[PDB]
file input_19.cif (mmCIF, C-alpha atoms and all ligand atoms)
data_upload
loop_
_atom_site.label_atom_id
_atom_site.label_comp_id
_atom_site.auth_asym_id
_atom_site.auth_seq_id
_atom_site.Cartn_x
_atom_site.Cartn_y
_atom_site.Cartn_z
CA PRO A 2 41.30 -0.51 27.07
CA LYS A 3 42.23 1.89 24.21
CA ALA A 4 39.82 4.55 22.95
CA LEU A 5 40.02 6.66 19.77
CA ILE A 6 38.19 10.09 19.70
CA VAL A 7 37.87 11.86 16.25
CA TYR A 8 36.10 15.26 16.03
CA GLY A 9 35.26 17.87 13.37
CA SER A 10 34.92 21.41 14.95
CA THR A 11 34.79 24.92 13.35
CA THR A 12 34.32 27.26 16.32
CA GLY A 13 35.79 24.93 19.01
CA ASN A 14 32.61 23.62 20.71
CA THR A 15 32.81 19.99 19.60
CA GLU A 16 36.57 20.13 20.22
CA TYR A 17 35.94 21.27 23.86
CA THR A 18 33.37 18.44 24.11
CA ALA A 19 35.91 15.85 22.77
CA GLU A 20 38.60 16.99 25.28
CA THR A 21 36.14 16.75 28.20
CA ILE A 22 35.18 13.16 27.22
CA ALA A 23 38.89 12.26 26.73
CA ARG A 24 39.63 13.35 30.35
CA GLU A 25 36.74 11.34 31.85
CA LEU A 26 37.96 8.20 29.98
CA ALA A 27 41.64 8.72 31.01
CA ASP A 28 40.74 9.23 34.71
CA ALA A 29 38.92 5.88 34.60
CA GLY A 30 42.02 4.16 33.24
CA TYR A 31 41.75 4.07 29.43
CA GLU A 32 44.52 4.93 27.02
CA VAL A 33 42.93 7.64 24.84
CA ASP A 34 44.01 8.97 21.44
CA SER A 35 42.16 12.21 20.50
CA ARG A 36 42.38 13.52 16.92
CA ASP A 37 41.01 16.32 14.78
CA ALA A 38 39.29 14.80 11.70
CA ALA A 39 41.30 17.26 9.46
CA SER A 40 44.50 15.26 10.17
CA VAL A 41 43.41 11.60 9.87
CA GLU A 42 43.34 9.07 7.04
CA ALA A 43 40.26 6.76 6.87
CA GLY A 44 42.04 3.55 5.82
CA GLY A 45 42.21 1.18 8.83
CA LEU A 46 41.69 4.18 11.20
CA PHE A 47 39.88 2.11 13.82
CA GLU A 48 42.21 -0.91 13.75
CA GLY A 49 43.34 -1.87 17.28
CA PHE A 50 40.90 0.29 19.25
CA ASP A 51 38.43 -1.11 21.79
CA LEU A 52 36.13 1.91 21.67
CA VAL A 53 35.68 4.64 19.02
CA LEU A 54 33.82 7.92 19.72
CA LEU A 55 32.93 10.16 16.74
CA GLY A 56 31.88 13.79 16.99
CA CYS A 57 30.86 16.67 14.75
CA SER A 58 28.86 19.92 14.51
CA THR A 59 25.86 20.52 12.18
CA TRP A 60 25.72 23.28 9.51
CA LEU A 61 22.57 23.73 7.38
CA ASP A 62 23.08 22.98 3.69
CA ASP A 63 21.09 21.49 0.73
CA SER A 64 23.44 18.54 0.18
CA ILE A 65 25.53 17.75 3.30
CA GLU A 66 25.14 19.26 6.79
CA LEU A 67 28.31 17.80 8.36
CA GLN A 68 31.21 20.06 9.43
CA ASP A 69 33.69 20.29 6.50
CA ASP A 70 36.73 18.59 8.08
CA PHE A 71 34.61 15.49 8.88
CA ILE A 72 33.15 15.02 5.34
CA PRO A 73 36.13 13.08 3.83
CA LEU A 74 36.08 10.63 6.79
CA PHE A 75 32.29 10.20 6.61
CA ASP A 76 32.51 9.53 2.87
CA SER A 77 35.05 6.71 3.49
CA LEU A 78 33.58 5.29 6.68
CA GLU A 79 33.46 1.87 5.00
CA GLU A 80 37.30 1.58 5.03
CA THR A 81 37.83 2.36 8.72
CA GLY A 82 37.21 -1.10 10.27
CA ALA A 83 33.77 -0.35 11.73
CA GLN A 84 32.19 -3.82 11.43
CA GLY A 85 31.67 -5.17 14.92
CA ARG A 86 33.37 -2.14 16.48
CA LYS A 87 31.94 -0.60 19.70
CA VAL A 88 31.14 3.07 18.87
CA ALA A 89 29.13 6.11 20.13
CA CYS A 90 28.58 9.59 18.61
CA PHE A 91 28.33 13.14 19.95
CA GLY A 92 28.01 16.67 18.47
CA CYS A 93 27.12 20.30 19.17
CA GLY A 94 24.27 22.24 17.53
CA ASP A 95 21.40 24.67 18.17
CA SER A 96 17.74 23.82 18.73
CA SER A 97 16.55 26.93 16.84
CA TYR A 98 17.43 24.98 13.61
CA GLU A 99 15.21 22.37 12.01
CA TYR A 100 17.82 19.58 12.01
CA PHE A 101 19.01 19.89 15.60
CA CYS A 102 22.37 18.06 15.78
CA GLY A 103 21.45 16.36 12.50
CA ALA A 104 25.10 15.33 11.88
CA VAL A 105 24.84 12.95 14.93
CA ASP A 106 21.89 11.14 13.31
CA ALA A 107 23.66 10.84 9.92
CA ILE A 108 26.79 9.32 11.47
CA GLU A 109 24.85 6.85 13.68
CA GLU A 110 22.78 5.68 10.73
CA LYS A 111 25.80 5.05 8.44
CA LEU A 112 27.79 3.24 11.22
CA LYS A 113 24.68 1.04 11.78
CA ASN A 114 24.53 0.28 7.97
CA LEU A 115 28.25 -0.78 8.09
CA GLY A 116 27.75 -3.18 11.01
CA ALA A 117 29.12 -1.19 13.99
CA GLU A 118 27.73 -1.68 17.49
CA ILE A 119 26.26 1.61 18.79
CA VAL A 120 26.83 1.32 22.57
CA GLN A 121 24.78 4.33 23.70
CA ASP A 122 22.43 6.91 22.12
CA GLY A 123 24.31 9.97 20.84
CA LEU A 124 25.06 13.03 22.96
CA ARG A 125 23.38 16.13 21.42
CA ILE A 126 24.46 19.46 22.94
CA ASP A 127 22.42 22.69 22.61
CA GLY A 128 24.35 25.97 22.96
CA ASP A 129 27.70 26.32 24.76
CA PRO A 130 29.15 22.97 25.87
CA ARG A 131 30.96 24.66 28.79
CA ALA A 132 27.51 25.10 30.40
CA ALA A 133 26.61 21.40 29.76
CA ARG A 134 29.78 20.01 31.34
CA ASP A 135 27.75 17.75 33.70
CA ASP A 136 25.80 16.16 30.82
CA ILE A 137 29.13 15.47 28.95
CA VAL A 138 30.73 13.83 32.01
CA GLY A 139 27.63 11.73 32.77
CA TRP A 140 27.39 10.50 29.14
CA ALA A 141 31.09 9.60 29.11
CA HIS A 142 30.46 7.74 32.36
CA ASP A 143 27.53 5.81 30.80
CA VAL A 144 29.52 4.91 27.66
CA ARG A 145 32.28 3.37 29.84
CA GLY A 146 29.61 1.12 31.44
CA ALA A 147 28.39 -0.41 28.13
CA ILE A 148 31.98 -1.46 27.20
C1 LIG B 1 25.32 29.28 9.71
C2 LIG B 1 25.07 28.34 10.77
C3 LIG B 1 24.32 27.19 10.48
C4 LIG B 1 24.10 26.30 11.57
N1 LIG B 1 23.30 25.19 11.28
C5 LIG B 1 22.92 24.37 12.31
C6 LIG B 1 22.02 23.30 12.04
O1 LIG B 1 21.47 23.00 10.82
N2 LIG B 1 21.67 22.46 13.09
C7 LIG B 1 22.22 22.67 14.35
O2 LIG B 1 21.85 21.84 15.36
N3 LIG B 1 23.08 23.72 14.62
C8 LIG B 1 23.45 24.58 13.60
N4 LIG B 1 24.34 25.60 13.91
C9 LIG B 1 24.79 25.67 15.25
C10 LIG B 1 26.24 25.12 15.29
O3 LIG B 1 26.25 23.71 14.99
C11 LIG B 1 26.80 25.34 16.72
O4 LIG B 1 27.15 26.73 16.78
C12 LIG B 1 27.92 24.50 17.17
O5 LIG B 1 28.18 24.77 18.57
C13 LIG B 1 29.12 24.60 16.38
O6 LIG B 1 30.05 23.63 16.87
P1 LIG B 1 31.67 23.62 16.51
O7 LIG B 1 32.41 24.92 17.22
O8 LIG B 1 32.36 22.25 17.19
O9 LIG B 1 31.87 23.63 14.87
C14 LIG B 1 24.58 26.48 12.87
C15 LIG B 1 25.34 27.65 13.12
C16 LIG B 1 25.57 28.56 12.07
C17 LIG B 1 26.35 29.72 12.38
#
call {"tool": "encode", "arguments": {"input": "input_19.cif", "output": "structure tokens", "more": "lines below"}}
Ligand SMILES: Cc1cc2nc3c(=O)[nH]c(=O)nc-3n(C[C@H](O)[C@H](O)[C@H](O)COP(=O)(O)O)c2cc1C
result
Amino acid sequence: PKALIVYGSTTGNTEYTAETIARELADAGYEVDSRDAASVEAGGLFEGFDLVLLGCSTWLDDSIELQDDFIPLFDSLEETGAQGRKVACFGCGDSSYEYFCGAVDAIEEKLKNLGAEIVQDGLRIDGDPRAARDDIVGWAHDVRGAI
């Protein structure tokens, strides 16, 4: 099976999370393509992939709390080929904030409005992902089992 992983990361936490998930999928036999959201084009982005995993950090704001590199993709999510696609979301944040990992909720809700099939509840990481490595691996393991 082929999996696409797209992440938006400012300090490297969601990027570390994306690379950890990519290894667990590859070691289970999937062909994995991992890309920074700053370098992708939304048009037909998901065409040909069996599983798509989307990740991003949360930054408090009055208009949009998504990490800046992911905004352009999010705004054009309707042109990616999400209808009927198997997808799951993940993201890093901090529970001292009101909207803890709020970007994960925003992405799940829009994918749901576009007809995607959310395979598993989103992974929400508090603090340093390097200390939550077991939670990342287990989630990756559970997403493989819903495919
Ligand atoms: C100014 C600022 C605002 C932040 N706002 C939020 C927030 O609204 N919700 C949240 O869960 N985390 C918030 N964080 C925590 C970051 O999302 C967290 O540090 C995360 O690990 C960053 O991930 P990244 O390196 O992949 O960009 C904020 C951090 C800073 C510095």
call {"tool": "residues_around", "arguments": {"input": "input_19.cif", "residues": "residue A:32", "least_positions_apart": "2", "cutoff": "8 Å", "atoms": "only C-alpha atoms", "output": "list in words"}}
result
residues 2, 3, 4, 26, 27, 30 and 34 of chain A
call {"tool": "residues_near_ligand", "arguments": {"input": "input_19.cif", "ligand": "ligand LIG 1 (chain B)", "cutoff": "9 Å", "atoms": "all atoms listed in the file", "output": "PyMOL selection string"}}
result
chain A and resi 8-18+56-62+66-68+92-104+125-130
call {"tool": "residues_around", "arguments": {"input": "input_19.cif", "residues": "residue A:23", "least_positions_apart": "2", "cutoff": "8 Å", "atoms": "all atoms listed in the file", "output": "count of residues only"}}
result
9
call {"tool": "closest_residue", "arguments": {"input": "input_19.cif", "among": "A:65, A:144, A:72, A:88", "to": "residue A:53", "atoms": "all atoms listed in the file"}}
result
A:88
call {"tool": "residues_near_point", "arguments": {"input": "input_19.cif", "point": "(24.1, 2.0, 26.8)", "cutoff": "10 Å", "atoms": "all atoms listed in the file", "output": "number ranges by chain"}}
result
A: 89, 119-123, 140, 143-148
